[PDB]
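Only one chain comes next, encoded as structure tokens, the form solved without this ligand.
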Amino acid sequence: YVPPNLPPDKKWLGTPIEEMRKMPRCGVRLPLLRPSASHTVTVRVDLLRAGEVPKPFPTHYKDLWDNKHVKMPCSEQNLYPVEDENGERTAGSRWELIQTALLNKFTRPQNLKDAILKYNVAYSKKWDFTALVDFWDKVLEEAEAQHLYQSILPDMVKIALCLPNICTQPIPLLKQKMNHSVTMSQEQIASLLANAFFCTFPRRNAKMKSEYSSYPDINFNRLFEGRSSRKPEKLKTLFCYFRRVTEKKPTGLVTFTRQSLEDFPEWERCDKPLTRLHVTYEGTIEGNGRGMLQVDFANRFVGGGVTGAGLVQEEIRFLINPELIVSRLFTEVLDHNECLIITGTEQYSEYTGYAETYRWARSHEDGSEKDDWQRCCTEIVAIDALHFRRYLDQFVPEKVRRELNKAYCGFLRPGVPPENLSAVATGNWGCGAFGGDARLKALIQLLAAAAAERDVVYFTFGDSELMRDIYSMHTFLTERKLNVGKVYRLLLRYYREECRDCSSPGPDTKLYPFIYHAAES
């Protein structure tokens, strides 16, 4: 069996993208937004109005300093050692110290370093600021620098110092195994992120031991270090966002949901049929996948190295939709059965290149519509693929199954009828440094989608051969009426027949050809 010839000029194959479901059109009427045991809501839902800045709930700051909530910089329990008249330790208020540190004229990058180190004195000989100096004094020309230190920086200080008036409700940690959502305003996120820039979140810096070993970095200190040339583009991207939100308060909401399933399908017996596919070697997940469930190829620590060195797919997404960064404040490292679903973030920047060639291009005007909770209609899911030391490891049935389950967790929305579900916009999940096979991972995601009753739009980013191969295989299987179980069975056969007893870097026969021979013969 050779697959037939397909049109050579054609940029996309399969179901016309016009026919895939997308939000807001496909969505279920949203119920009244309200708090519950499973949903923390940090705003006044009764006052929500398109184009008006949401009001915080409750009205006045309420603090929790414990192991279940974010430890806020503005807590009365955020303390530091002060010397009294005999040189003995008294406890002073770190928030008061932060305020007086940050309320100073920065005319010089050393002024900003000096401020940040006042309430971080333990890191005065650990945190390097070379990349900040470089950005400020060498990358930016004099006019940009001037605007940075007399307008943007002072306005970032202001929203950062208003944290207690803006984020008045404690934020719960989204811990491993929790099925829980937090919805908060874009304005709240701006204040949180301004605090992250100034490295204000307490207890999130220790290496040698911390309560937060299990969480991603949130403070931005590592953005300022090193002799990297990418770092200035990261800063430009983040300052594009900071300029925009300080010049004009954003008005939307954003929902962060951690989802765990304890019981997954017995894939061998799964009778669900394959769903629709649109596959193209042109277009972007964020651009052409507007209104669809957009996959973020995530590190189990969500955002990866975005607050430090790291600029591949996840990091780039967290920089252009920077409100995603705030997930790092409260999202515990993801276990195999978990994902994080973020709804409402907005794209503030456009960019070109990737990793070492990445550059900020320009400001982006997100033209999304907003749902009935005034979230931008942009849903992103962080699902982390496995890292394979050796190519063949990924065909082991337990690894195939782990990837199926992870993707299925990302895609499933329990309760919601499949007709109110948007298509998934994805691509080569885990196929760069993580060693994954594009053709296997394409098929795993197709099976995951099918079991979750969703269509798929798959972007191959310039690989037309991969486009055609993926299209050919989906059509072969659908034409022959092979449900998810039959396909998973063939993946197992490939392993047993071609991988299990193979002493070689690769096997003698590739997966897709094996499937064609096996299924038809």
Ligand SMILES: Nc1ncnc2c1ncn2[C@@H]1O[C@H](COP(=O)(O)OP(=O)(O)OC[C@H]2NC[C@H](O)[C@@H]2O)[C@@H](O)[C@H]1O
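Only residues modelled in both forms are compared. Here, rigid core means the biggest group of C-alpha atoms that superpose within 1.5 Å across both forms. Note that residue numbering follows the sequence shown and begins at 1.
Asker: If you average the CA temperature factors over each stretch, which comes out higher, 147-155 or 69-77?
Answerer: Taking the mean B-factor of the alpha carbons in each, 147-155 is higher.
Asker: Which is higher on mean Cα B factor in this entry, 452-460 or 486-494?
Answerer: Mean B over CA atoms: larger for 486-494.
Asker: Please work out which residue in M467, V45, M473, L64 has the highest C-alpha B-factor recorded for this crystal structure.
Answerer: Spelled out: the listed residue with the top C-alpha B-factor is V45.
Asker: In terms of recorded Cα temperature factor, pick the maximum from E315, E332, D84, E187.
Answerer: Within the set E315, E332, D84, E187, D84 shows the top C-alpha B-factor.
Asker: When the deposited Cα B-factors of this chain's modelled residues are ordered and cut into thirds, is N219 in the lowest, the middle or the highest one?
Answerer: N219: CA B-factor falls in the lowest third of its chain.
Asker: In terms of the CA temperature factor given in the entry, to which third of its chain does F301 belong: lowest, middle or highest?
Answerer: Within its chain, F301 is a lowest-third residue by C-alpha B-factor, going by the deposited values.
Asker: Within this chain, which third does the Cα B-factor at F242 fall in: lowest, middle or highest?
Answerer: Its C-alpha B-factor belongs to the lowest third of this chain's values.
Asker: Where does the C-alpha B-factor of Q176 rank in its chain, lowest, middle or highest third?
Answerer: Its C-alpha B-factor, which the entry lists for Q176, ranks in the middle third among residues of this chain.
Asker: Which third of the chain does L311 land in by C-alpha B-factor: lowest, middle or highest?
Answerer: CA B-factor rank for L311: lowest third.
Beyond the structure shown, there is the form solved in complex with this ligand, which is absent from this document and is the topic of what follows.
Asker: Given that the partner is absent here, does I285 sit within 4.5 Å of this ligand in the bound PDB entry, heavy atoms only?
Answerer: Residue-level check for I285: yes, a contact with this ligand.
Asker: May I ask you to check whether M208 falls inside a 4.5 Å heavy atom distance of this ligand in the bound PDB entry?
Answerer: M208 lies outside the contact set for this ligand.
Asker: Taking the shortest heavy atom distance, is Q313 within 4.5 Å of this ligand in the bound PDB entry?
Answerer: So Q313 counts as contacting this ligand.
Asker: How about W429: is it within 4.5 Å of this ligand in the bound PDB entry, going by heavy atoms?
Answerer: Although this ligand is absent here, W429 would touch it in the bound PDB entry, with heavy atoms inside 4.5 Å.
Asker: Ok, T275, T237, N299, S327: which has a heavy atom sitting within 4.5 Å of this ligand in the bound PDB entry?
Answerer: When this ligand is considered in the bound PDB entry, the option within 4.5 Å is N299.
Asker: Can you pick out, from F476, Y495, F461, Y61, the residue that has a heavy atom within 4.5 Å of this ligand in the bound PDB entry?
Answerer: In short, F461.
Asker: If we take heavy atoms and a 4.5 Å cut-off, which stretch out of 196-204, 346-354, 147-155, 162-170 is in contact with this ligand in the bound PDB entry?
Answerer: Selected range: 346-354.
Asker: Please find the residue from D271, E88, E398, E141 showing a Cα shift of 2 angstroms or more between this form and the one not shown, rigid core superposed.
Answerer: Looking at each option in turn, only one qualifies, and it is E88.
Asker: Superposing on the core, what residue ranges of at least 3 consecutive positions move by 2 angstroms or more in Cα between this form and the one not shown?
Answerer: After core superposition, the one displaced run is 86-89.
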